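Engineer: Sending over coords_27.cif (mmCIF, C-alpha atoms).
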```cif
data_my_file
loop_
_atom_site.label_atom_id
_atom_site.label_comp_id
_atom_site.auth_asym_id
_atom_site.auth_seq_id
_atom_site.Cartn_x
_atom_site.Cartn_y
_atom_site.Cartn_z
CA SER A 1 -11.01 5.87 -29.19
CA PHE A 2 -14.43 7.37 -28.37
CA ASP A 3 -14.61 5.63 -25.00
CA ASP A 4 -11.14 6.92 -24.17
CA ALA A 5 -11.96 10.52 -25.04
CA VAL A 6 -15.25 10.39 -23.13
CA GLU A 7 -13.44 8.99 -20.12
CA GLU A 8 -10.79 11.69 -20.37
CA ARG A 9 -13.41 14.43 -20.59
CA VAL A 10 -15.15 13.14 -17.46
CA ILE A 11 -11.81 12.82 -15.68
CA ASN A 12 -10.77 16.40 -16.40
CA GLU A 13 -14.18 17.84 -15.60
CA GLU A 14 -14.45 16.13 -12.23
CA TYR A 15 -10.88 17.08 -11.40
CA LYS A 16 -11.88 20.73 -11.77
CA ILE A 17 -14.72 20.21 -9.31
CA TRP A 18 -12.26 18.46 -6.98
CA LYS A 19 -9.79 21.35 -6.94
CA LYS A 20 -12.57 23.79 -6.10
CA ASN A 21 -13.72 21.59 -3.21
CA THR A 22 -10.21 21.01 -1.91
CA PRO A 23 -10.30 23.74 0.78
CA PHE A 24 -13.42 22.07 2.23
CA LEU A 25 -12.39 18.41 2.18
CA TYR A 26 -8.72 18.65 3.12
CA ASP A 27 -6.38 20.13 5.73
CA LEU A 28 -3.33 19.29 3.61
CA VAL A 29 -2.85 18.57 -0.08
CA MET A 30 0.45 18.54 -1.93
CA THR A 31 0.70 17.38 -5.50
CA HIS A 32 4.25 16.78 -6.64
CA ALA A 33 4.97 15.35 -10.09
CA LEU A 34 7.82 12.85 -10.17
CA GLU A 35 10.11 12.60 -13.19
CA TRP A 36 9.05 8.99 -13.66
CA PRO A 37 5.87 7.31 -12.37
CA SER A 38 6.20 5.31 -9.19
CA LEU A 39 4.61 1.90 -8.59
CA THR A 40 5.47 1.78 -4.89
CA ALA A 41 5.21 3.99 -1.82
CA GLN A 42 5.98 3.56 1.86
CA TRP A 43 6.74 6.08 4.62
CA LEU A 44 9.93 5.45 6.55
CA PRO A 45 9.56 5.38 10.36
CA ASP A 46 11.76 8.31 11.33
CA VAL A 47 10.91 12.00 11.46
CA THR A 48 13.36 14.90 11.42
CA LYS A 49 12.81 18.22 13.20
CA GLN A 50 14.74 21.45 13.73
CA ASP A 51 14.12 23.91 16.54
CA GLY A 52 12.57 27.02 15.05
CA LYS A 53 11.31 25.53 11.79
CA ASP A 54 7.51 25.39 11.46
CA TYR A 55 7.75 21.94 9.89
CA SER A 56 9.09 18.42 10.38
CA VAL A 57 10.62 16.22 7.75
CA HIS A 58 9.29 12.81 6.77
CA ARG A 59 10.54 10.45 4.07
CA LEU A 60 9.14 8.03 1.45
CA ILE A 61 10.54 5.02 -0.39
CA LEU A 62 9.60 5.64 -4.04
CA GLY A 63 10.47 4.01 -7.35
CA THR A 64 10.84 4.76 -11.05
CA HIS A 65 8.98 3.12 -13.92
CA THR A 66 10.55 3.21 -17.39
CA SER A 67 10.94 0.31 -19.80
CA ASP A 68 13.14 2.82 -21.59
CA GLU A 69 15.84 4.58 -19.56
CA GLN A 70 17.50 3.97 -16.18
CA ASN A 71 15.38 3.00 -13.15
CA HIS A 72 15.98 4.01 -9.53
CA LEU A 73 15.11 3.22 -5.92
CA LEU A 74 14.21 6.60 -4.39
CA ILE A 75 14.08 8.22 -0.99
CA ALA A 76 12.05 11.41 -0.97
CA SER A 77 11.97 13.89 1.89
CA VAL A 78 8.74 15.71 2.63
CA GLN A 79 8.09 18.81 4.70
CA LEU A 80 4.93 18.65 6.77
CA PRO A 81 3.46 21.53 8.84
CA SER A 82 3.88 21.62 12.59
CA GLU A 83 1.47 22.54 15.38
CA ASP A 84 1.07 25.87 13.53
CA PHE A 85 20.00 29.66 -5.85
CA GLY A 86 20.53 29.34 -2.10
CA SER A 87 16.80 29.93 -1.69
CA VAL A 88 14.60 27.69 0.46
CA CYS A 89 13.95 24.21 -0.94
CA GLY A 90 10.75 22.75 -2.29
CA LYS A 91 8.69 20.84 0.24
CA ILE A 92 9.60 17.64 -1.63
CA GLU A 93 13.04 16.55 -2.82
CA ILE A 94 14.90 13.33 -3.54
CA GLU A 95 17.63 12.68 -0.95
CA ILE A 96 18.89 9.20 -1.80
CA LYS A 97 18.84 7.42 -5.13
CA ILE A 98 19.91 4.03 -6.47
CA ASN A 99 19.99 2.77 -10.04
CA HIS A 100 17.70 -0.26 -10.29
CA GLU A 101 17.62 -2.93 -12.98
CA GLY A 102 14.04 -2.64 -14.19
CA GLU A 103 11.00 -0.85 -12.78
CA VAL A 104 10.34 -1.14 -9.06
CA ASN A 105 7.11 -3.01 -8.46
CA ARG A 106 7.48 -2.70 -4.67
CA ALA A 107 10.02 -1.35 -2.26
CA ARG A 108 9.61 -2.14 1.41
CA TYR A 109 12.03 -1.49 4.28
CA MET A 110 12.81 -4.04 6.96
CA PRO A 111 11.06 -3.27 10.28
CA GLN A 112 14.03 -4.29 12.42
CA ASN A 113 16.44 -2.14 10.37
CA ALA A 114 15.00 0.57 8.11
CA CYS A 115 18.29 0.72 6.23
CA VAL A 116 17.41 -2.57 4.57
CA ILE A 117 15.10 -2.10 1.59
CA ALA A 118 13.66 -5.09 -0.25
CA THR A 119 12.71 -4.79 -3.89
CA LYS A 120 10.45 -6.51 -6.42
CA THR A 121 11.99 -6.56 -9.90
CA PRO A 122 10.17 -7.10 -13.22
CA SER A 123 12.58 -10.01 -13.42
CA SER A 124 12.44 -13.02 -11.12
CA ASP A 125 15.08 -11.73 -8.74
CA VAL A 126 14.08 -10.22 -5.41
CA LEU A 127 16.66 -7.59 -4.54
CA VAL A 128 17.90 -6.23 -1.23
CA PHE A 129 19.75 -2.95 -0.66
CA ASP A 130 21.22 -1.06 2.27
CA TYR A 131 20.87 2.66 1.52
CA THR A 132 24.18 3.24 3.26
CA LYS A 133 26.25 0.74 1.30
CA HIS A 134 25.44 3.17 -1.51
CA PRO A 135 26.40 6.73 -0.41
CA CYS A 136 24.51 -0.17 -8.54
CA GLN A 137 24.69 -3.95 -7.99
CA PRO A 138 22.31 -5.05 -5.16
CA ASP A 139 23.70 -6.20 -1.82
CA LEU A 140 21.62 -9.39 -2.19
CA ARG A 141 19.87 -11.41 -4.88
CA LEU A 142 17.18 -13.90 -4.03
CA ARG A 143 16.75 -16.90 -6.37
CA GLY A 144 13.46 -18.52 -5.42
CA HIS A 145 11.39 -18.30 -8.61
CA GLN A 146 10.83 -17.70 -12.32
CA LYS A 147 8.06 -15.15 -12.80
CA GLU A 148 7.81 -11.47 -11.89
CA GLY A 149 5.95 -10.33 -8.77
CA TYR A 150 4.66 -7.58 -6.50
CA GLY A 151 3.76 -9.24 -3.21
CA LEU A 152 6.49 -8.55 -0.65
CA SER A 153 6.49 -8.78 3.16
CA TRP A 154 9.01 -8.56 6.03
CA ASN A 155 8.39 -10.50 9.23
CA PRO A 156 8.23 -8.13 12.23
CA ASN A 157 9.16 -10.78 14.76
CA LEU A 158 11.89 -12.46 12.76
CA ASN A 159 14.64 -10.18 11.56
CA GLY A 160 15.44 -11.10 7.96
CA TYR A 161 12.47 -13.35 7.23
CA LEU A 162 10.97 -11.92 4.04
CA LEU A 163 8.14 -13.34 1.86
CA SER A 164 7.36 -12.71 -1.82
CA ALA A 165 4.36 -13.36 -4.10
CA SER A 166 4.83 -14.26 -7.76
CA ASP A 167 3.22 -14.82 -11.16
CA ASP A 168 4.60 -18.34 -10.96
CA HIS A 169 1.91 -19.41 -8.50
CA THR A 170 4.46 -19.58 -5.68
CA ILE A 171 5.55 -17.85 -2.50
CA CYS A 172 9.22 -17.73 -1.49
CA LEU A 173 10.72 -17.28 1.95
CA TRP A 174 14.37 -16.36 2.51
CA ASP A 175 16.21 -15.36 5.65
CA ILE A 176 18.10 -12.22 4.67
CA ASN A 177 20.75 -12.97 7.34
CA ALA A 178 21.21 -16.11 5.27
CA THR A 179 24.27 -18.14 6.20
CA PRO A 180 26.73 -17.44 3.39
CA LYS A 181 25.60 -15.98 0.08
CA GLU A 182 27.48 -17.79 -2.72
CA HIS A 183 27.79 -14.63 -4.90
CA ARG A 184 25.40 -12.21 -3.14
CA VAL A 185 22.74 -14.85 -3.68
CA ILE A 186 20.36 -16.45 -1.18
CA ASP A 187 18.44 -19.37 -2.67
CA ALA A 188 15.12 -19.70 -0.81
CA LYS A 189 14.61 -21.29 2.59
CA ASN A 190 11.16 -22.47 1.39
CA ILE A 191 8.68 -22.14 -1.46
CA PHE A 192 4.95 -22.44 -0.82
CA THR A 193 3.18 -23.96 -3.78
CA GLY A 194 -0.41 -24.70 -2.78
CA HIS A 195 -2.01 -22.05 -5.02
CA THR A 196 -3.96 -22.58 -8.24
CA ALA A 197 -2.88 -19.34 -9.97
CA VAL A 198 -0.78 -16.17 -9.74
CA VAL A 199 -0.19 -15.10 -6.15
CA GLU A 200 -1.15 -11.44 -5.83
CA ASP A 201 0.15 -10.69 -2.37
CA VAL A 202 1.67 -12.03 0.83
CA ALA A 203 1.52 -10.74 4.41
CA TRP A 204 3.11 -11.88 7.66
CA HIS A 205 0.83 -12.13 10.67
CA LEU A 206 1.61 -9.14 12.92
CA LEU A 207 2.24 -11.01 16.17
CA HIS A 208 2.77 -14.75 15.43
CA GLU A 209 6.21 -15.11 13.82
CA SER A 210 5.23 -18.32 12.00
CA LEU A 211 2.03 -17.20 10.28
CA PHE A 212 1.17 -15.42 7.07
CA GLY A 213 -1.55 -15.01 4.49
CA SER A 214 -1.42 -15.29 0.74
CA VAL A 215 -3.96 -14.11 -1.78
CA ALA A 216 -4.15 -14.90 -5.48
CA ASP A 217 -5.98 -14.97 -8.78
CA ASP A 218 -7.36 -18.36 -7.86
CA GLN A 219 -9.87 -16.29 -5.84
CA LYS A 220 -8.63 -17.65 -2.52
CA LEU A 221 -7.13 -16.45 0.75
CA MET A 222 -4.72 -18.89 2.38
CA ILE A 223 -3.35 -18.77 5.91
CA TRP A 224 0.01 -20.48 6.37
CA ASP A 225 2.11 -21.74 9.25
CA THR A 226 5.81 -22.09 8.43
CA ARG A 227 6.02 -24.63 11.28
CA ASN A 228 4.06 -27.06 9.07
CA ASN A 229 6.07 -29.60 7.09
CA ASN A 230 4.12 -29.63 3.84
CA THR A 231 4.82 -26.58 1.72
CA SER A 232 1.50 -27.30 -0.05
CA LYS A 233 -0.91 -27.60 2.87
CA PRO A 234 -1.99 -24.08 3.73
CA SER A 235 -3.20 -24.07 7.35
CA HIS A 236 -6.48 -22.73 5.90
CA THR A 237 -8.04 -21.82 2.56
CA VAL A 238 -10.85 -19.29 2.19
CA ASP A 239 -13.12 -18.61 -0.80
CA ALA A 240 -12.61 -14.93 -0.12
CA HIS A 241 -13.85 -13.37 -3.37
CA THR A 242 -15.60 -13.77 -6.71
CA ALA A 243 -12.73 -12.52 -8.85
CA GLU A 244 -8.99 -12.52 -8.23
CA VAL A 245 -7.82 -11.24 -4.85
CA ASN A 246 -5.07 -8.63 -5.24
CA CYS A 247 -4.22 -7.90 -1.60
CA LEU A 248 -4.52 -8.63 2.12
CA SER A 249 -3.50 -6.62 5.22
CA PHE A 250 -3.57 -7.41 8.96
CA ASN A 251 -5.12 -4.92 11.38
CA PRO A 252 -2.41 -3.31 13.58
CA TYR A 253 -4.60 -3.40 16.68
CA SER A 254 -5.81 -6.96 16.27
CA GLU A 255 -4.47 -10.47 16.27
CA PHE A 256 -7.50 -11.87 14.40
CA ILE A 257 -8.89 -9.22 12.05
CA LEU A 258 -7.89 -9.22 8.39
CA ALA A 259 -8.84 -7.41 5.20
CA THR A 260 -8.63 -8.37 1.51
CA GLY A 261 -9.13 -6.45 -1.71
CA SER A 262 -10.34 -8.07 -4.92
CA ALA A 263 -10.97 -7.44 -8.58
CA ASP A 264 -14.58 -8.04 -7.62
CA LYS A 265 -14.61 -4.33 -6.57
CA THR A 266 -14.77 -5.45 -2.95
CA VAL A 267 -12.84 -5.38 0.33
CA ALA A 268 -13.54 -8.30 2.67
CA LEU A 269 -13.30 -8.08 6.45
CA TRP A 270 -11.97 -11.36 7.88
CA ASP A 271 -11.51 -12.77 11.38
CA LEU A 272 -9.07 -15.61 11.94
CA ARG A 273 -11.14 -16.88 14.83
CA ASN A 274 -13.65 -18.04 12.20
CA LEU A 275 -12.59 -17.86 8.54
CA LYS A 276 -15.92 -19.50 7.70
CA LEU A 277 -17.82 -16.26 8.16
CA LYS A 278 -17.02 -13.07 6.24
CA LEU A 279 -17.58 -10.34 8.82
CA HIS A 280 -18.51 -7.75 6.19
CA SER A 281 -17.99 -6.36 2.69
CA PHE A 282 -17.05 -2.78 1.80
CA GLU A 283 -18.68 -1.77 -1.45
CA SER A 284 -18.37 1.41 -3.52
CA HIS A 285 -15.30 0.97 -5.68
CA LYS A 286 -15.93 0.84 -9.40
CA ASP A 287 -12.98 -1.30 -10.51
CA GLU A 288 -10.17 -3.57 -9.27
CA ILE A 289 -8.75 -2.97 -5.81
CA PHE A 290 -4.99 -3.52 -5.51
CA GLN A 291 -4.34 -1.85 -2.17
CA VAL A 292 -5.79 -2.05 1.32
CA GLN A 293 -4.01 -0.43 4.27
CA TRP A 294 -5.24 0.02 7.83
CA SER A 295 -4.71 3.35 9.57
CA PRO A 296 -1.68 3.04 11.85
CA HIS A 297 -3.54 5.29 14.28
CA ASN A 298 -7.18 4.21 14.42
CA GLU A 299 -8.07 0.52 14.76
CA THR A 300 -11.46 1.15 13.24
CA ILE A 301 -10.51 2.75 9.91
CA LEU A 302 -8.85 1.37 6.77
CA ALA A 303 -8.29 2.50 3.17
CA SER A 304 -8.39 1.01 -0.34
CA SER A 305 -7.29 2.05 -3.83
CA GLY A 306 -7.32 0.62 -7.33
CA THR A 307 -8.05 1.17 -10.98
CA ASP A 308 -10.99 3.52 -10.47
CA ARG A 309 -8.51 6.26 -9.56
CA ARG A 310 -10.20 6.53 -6.18
CA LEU A 311 -8.84 6.05 -2.68
CA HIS A 312 -11.60 5.07 -0.25
CA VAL A 313 -11.40 5.41 3.49
CA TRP A 314 -13.75 3.26 5.58
CA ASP A 315 -14.65 3.41 9.27
CA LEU A 316 -15.66 -0.03 10.62
CA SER A 317 -17.55 1.52 13.52
CA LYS A 318 -20.12 3.01 11.17
CA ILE A 319 -20.92 -0.43 9.75
CA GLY A 320 -24.59 -0.91 10.49
CA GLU A 321 -26.12 2.38 11.69
CA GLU A 322 -29.13 3.28 9.54
CA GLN A 323 -28.97 6.03 6.94
CA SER A 324 -31.46 8.17 5.01
CA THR A 325 -31.97 7.13 1.37
CA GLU A 326 -31.06 10.61 0.07
CA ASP A 327 -27.90 10.15 2.12
CA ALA A 328 -27.54 6.42 1.51
CA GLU A 329 -26.26 7.36 -1.92
CA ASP A 330 -22.65 8.39 -2.45
CA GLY A 331 -22.22 5.03 -0.70
CA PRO A 332 -22.80 2.95 2.51
CA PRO A 333 -22.28 4.20 6.09
CA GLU A 334 -18.86 2.55 6.43
CA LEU A 335 -17.66 4.91 3.68
CA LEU A 336 -16.10 7.92 5.39
CA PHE A 337 -14.10 9.62 2.68
CA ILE A 338 -13.36 9.36 -1.02
CA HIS A 339 -10.18 10.90 -2.33
CA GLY A 340 -10.47 11.82 -6.00
CA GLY A 341 -7.38 13.95 -6.53
CA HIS A 342 -5.77 11.35 -8.76
CA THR A 343 -6.21 11.39 -12.49
CA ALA A 344 -4.99 7.88 -13.25
CA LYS A 345 -4.86 4.44 -11.68
CA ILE A 346 -3.39 4.66 -8.17
CA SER A 347 -0.35 2.37 -8.17
CA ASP A 348 0.07 2.43 -4.37
CA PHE A 349 -0.49 4.43 -1.16
CA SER A 350 0.78 4.69 2.44
CA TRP A 351 -0.47 6.04 5.78
CA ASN A 352 2.01 8.36 7.48
CA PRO A 353 2.87 6.47 10.72
CA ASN A 354 3.67 9.66 12.57
CA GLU A 355 1.05 12.18 11.45
CA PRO A 356 -2.49 10.80 11.91
CA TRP A 357 -4.50 11.03 8.70
CA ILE A 358 -1.66 12.12 6.39
CA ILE A 359 -1.58 9.68 3.45
CA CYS A 360 0.61 9.50 0.35
CA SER A 361 -0.75 8.05 -2.89
CA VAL A 362 1.07 7.53 -6.17
CA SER A 363 -0.46 7.39 -9.65
CA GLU A 364 0.59 6.17 -13.13
CA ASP A 365 0.71 9.70 -14.47
CA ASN A 366 3.79 10.03 -12.22
CA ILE A 367 1.85 12.31 -9.88
CA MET A 368 2.45 12.07 -6.14
CA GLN A 369 -0.02 13.44 -3.59
CA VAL A 370 0.46 13.90 0.13
CA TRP A 371 -2.90 14.77 1.61
CA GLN A 372 -4.89 14.72 4.80
CA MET A 373 -8.67 14.91 4.92
CA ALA A 374 -10.33 17.76 6.80
CA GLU A 375 -10.56 17.25 10.55
CA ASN A 376 -14.31 17.88 10.64
CA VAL A 377 -14.74 14.97 8.25
CA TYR A 378 -13.73 12.64 11.06
CA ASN A 379 -13.88 14.66 14.26
CA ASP A 380 -16.70 15.95 16.45
CA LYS B 1 -21.86 21.91 7.82
CA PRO B 2 -22.05 18.16 8.46
CA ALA B 3 -22.53 18.38 4.70
CA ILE B 4 -18.76 18.27 4.48
CA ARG B 5 -19.09 14.64 5.54
CA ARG B 6 -21.64 14.32 2.75
CA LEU B 7 -19.41 16.26 0.35
CA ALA B 8 -16.57 13.88 1.25
CA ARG B 9 -18.90 10.99 0.46
CA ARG B 10 -19.38 12.14 -3.14
CA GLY B 11 -16.83 11.18 -5.77
#
```
Taking this structure as input, can you express it in the form of structure tokens?

Structural biologist:
Amino acid sequence: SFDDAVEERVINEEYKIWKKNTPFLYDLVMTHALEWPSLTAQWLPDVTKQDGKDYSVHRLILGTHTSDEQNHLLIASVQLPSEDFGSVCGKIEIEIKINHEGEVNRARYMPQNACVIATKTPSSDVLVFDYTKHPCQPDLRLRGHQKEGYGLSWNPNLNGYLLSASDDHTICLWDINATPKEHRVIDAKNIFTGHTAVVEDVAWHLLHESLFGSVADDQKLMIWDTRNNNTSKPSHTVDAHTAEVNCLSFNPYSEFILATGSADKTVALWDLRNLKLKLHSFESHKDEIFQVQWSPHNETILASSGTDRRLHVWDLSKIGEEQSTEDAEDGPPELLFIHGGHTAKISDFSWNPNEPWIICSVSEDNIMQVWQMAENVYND
Amino acid sequence: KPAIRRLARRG
């Protein structure tokens, strides 16, 4: 296809430019190439150090994608710089591994116990593993629904309470510490219907154990309160976007601020104190936005990625301040950085919780990048 | 060199 070739040519040509600019825009850039593409990515909490070594070791929960051969749940170790056969190892290796029935849409560990890893299967089953019970048959199977799904979310204030979004217009909620299991299976403590179409994502409120937000193709954002009796009455419903909403994420330093990403090429800034008013809209992306993560370190900056192969980093503070037309190009003032090291759609990304500004993004070309934008791009 | 911020803006 002509349009394909043209695209490809632009992709490759810009990527050359990128590489050449690398030393100016970044302080760290690693580009590993997994055996199989990953659809998920999340940094584990822990960090491992050794006296003497000029690096610390961090880890990522990755996944494999092959509708052909065997799939796996992966744990990758990564060597990151410090303040400053039998041969030394590559900076990136795969420590743990676990055969997985079908690609891994998402893989997220449980806050209260990082050994517990929840999984989203291309099936209808939501799997749970303990990467210790496997030094593969999952330690838990979660009934709940019929269609496949990506949305997945552990409750920080309620050990075990996990939520999942699905293509069957519903949201399940199981307690992993579920009384009994009747054959490694937990049915579903609740199922939230109230949603016109496919639910794209789900997210527990960070501080209020009985709250969470859903987002779906029915272009709406719904806030829920498990304490309610009707599993159809969402505490609130917001006409968040024009197109389908693919994701939502709560700000780590707030109890009211939210953020959603839609196919409408937009990221909406929401405040629970008044879901009637959309605080602001981040524009610049040129395609669907499936990911939106806040920096675990700075309350004012968040990131977004999608089909345009670009990862955008925005700084709320700069929302407003006037800018010169010849500068007001490239994008709005809230736009702080654009990462264009990826050559395909970015399937997922994660902020390193321990090393401010280190981020890990995964692409469909099975490429994995661990980068960190130049300090002068955000300092001074 | 605040053109790095500008450079970062392009993409």

Engineer: For this structure, which residues satisfy the selection - the PyMOL selection byres ((chain A and resi 194) around 10) - when it is evaluated on the file as given? I want them as a ChimeraX atom specification.

Structural biologist: /A:169-171,191-193,195-197,222,230-234,237

Engineer: With the PyMOL selection byres ((chain B) within 7 of (chain A)) as the selection, what would be picked from this file? Answer as a ChimeraX atom specification, please.

Structural biologist: /B:4-5,8-11

Engineer: For the provided coordinates, the residues matched by the PyMOL selection byres ((chain A and resi 365) around 12) should be stated as number ranges by chain.

Structural biologist: A: 31-39, 64-65, 309, 342-347, 361-364, 366-369

Engineer: Find the spatial neighbours of residue A:173, counting all atoms listed in the file, within a cut-off of 7 Å - ignore same-chain residues fewer than 6 positions away - and output them as a list in words.

Structural biologist: residues 161, 162, 163, 164, 188, 189, 190 and 191 of chain A

Engineer: Could you jot down the atom CA of residue A:351 to atom CA of residue A:104 separation for me, Å, one decimal place?

Structural biologist: 19.7 Å

Engineer: Just how far from atom CA of residue A:320 is atom CA of residue A:219, in Å to one decimal?

Structural biologist: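 Straight-line distance from atom CA of residue A:219 to atom CA of residue A:320 works out to 26.8 Å.
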
Engineer: Would you work out the distance separating atom CA of residue A:213 from atom CA of residue A:186, expressed in Å to one decimal?

Structural biologist: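 One can read the atom CA of residue A:213 to atom CA of residue A:186 distance as 22.7 Å.
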
Engineer: Between A:77, A:254, A:153, A:82, which has the minimum distance to residue A:28 (counting all atoms listed in the file)?

Structural biologist: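 With all atoms listed in the file as the atom set, the closest residue is A:82.
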
Engineer: Please work out which residues fall within 9 Å of (6.4, -5.9, -5.9), coordinates as given in the file, with all atoms listed in the file counting, and return them as a VMD selection string.

Structural biologist: chain A and resid 39 to 40 104 to 108 119 to 122 126 148 to 152 164 to 166 201
